[PDB]
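Take a look at this single chain in structure tokens; it is the form deposited in one PDB entry.
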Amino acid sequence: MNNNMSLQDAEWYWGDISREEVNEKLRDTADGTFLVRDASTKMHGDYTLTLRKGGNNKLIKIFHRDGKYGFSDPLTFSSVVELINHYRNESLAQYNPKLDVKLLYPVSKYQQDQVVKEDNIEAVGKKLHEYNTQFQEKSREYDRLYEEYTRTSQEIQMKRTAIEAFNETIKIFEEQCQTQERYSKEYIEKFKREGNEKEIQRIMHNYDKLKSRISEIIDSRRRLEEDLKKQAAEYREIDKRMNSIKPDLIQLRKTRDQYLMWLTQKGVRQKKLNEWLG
């Protein structure tokens, strides 16, 4: 029943597809996830079995000679289906003790038939146009949030430096008070034992002007700290908005890809595909 099945009708056979398409399907998949494709026309061999083991894609090549397939000489198996279905049941430890794993989870090319069950070609073409427009809308929404995200990140970093620059400026003005306090102790004492309130008036006026300027600089730093908390909240808010759109973008893209895959299958004219996408 199973071994009499053709290689074309097999779920795990994907035909002429690139190694990149195989990598996308096997990315973040469990051990024993697999699919077969046509080999590179440059290199020897007919087909390439690509399976998962230890979070890595293991490429095992299937050779052919005189009606017999296999991984190396001697070629024992009758067909590719017999080779695969054997290692679906039995372990690959038989071939090589390194990769003790079965071909457990076939990446079906009838997987998209579950996601897009509707049969009509024009109906699938219109839904691809609809899903692509939802993707393009969400993508431009994400890009606009990322423009704000980077600009808000930079402006926070500008403000963060300015807080330290305000604090160094306050330190210098506080050091000026320390300079005024210690040197004016002895001099004001000379101008108090002598009658010279004229001099005290314009020294204490100068001391008030210093302390008044410190209050203004401390206010400007205090106002900036509120703007930092204001803008830091905008960064966290934008990041939250992006993290809700992120999962939607993957689901829309993966669905759009599987809809485009279903029309890549049953080959549609590239003119028609570009009209629906645009």
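Start at 1 and count along the sequence shown; that's the residue number. Take the two forms, superpose them, and find the largest set of C-alpha atoms that agree within 1.5 Å; that set is the rigid core.
- Between 80-88 and 118-126, the larger mean CA deviation from the shown form in 8 other deposited structures of this protein, after core superposition, belongs to 118-126.
- Superposition on the core shows that, in 8 other deposited structures of this protein, the C-alpha atoms drift more in one of 18-26 and 257-265; this is 257-265.
- Per the compared records, residue 52 is resolved in all of the other entries whose models span it, so no third of them omit it.
- In the comparison with other entries of the same protein, residue 223 is given coordinates in all of those covering both sides of it, so it never reaches the one-third threshold.
- In this entry, 209-217 has the higher mean Cα B-factor, the comparison being between 209-217 and 63-71.
- When the two stretches 120-128 and 158-166 are set side by side, the higher mean Cα temperature factor goes to 120-128.
- Among the modelled residues of the chain, residue 135 sits in the middle third by CA temperature factor in this PDB entry.
- Remark: residue 94 belongs to the middle third of its chain, ranked by C-alpha B-factor as recorded.
- In the deposited entry, the Cα temperature factor of residue 181 places it in the highest third of its chain's modelled residues.
- Ranked against the other modelled residues of its chain, the C-alpha B-factor of residue 86 as given in the entry falls in the lowest third.
- Residue-level temperature factors show residue 112 in the highest third of its chain, judged at the C-alpha atom.
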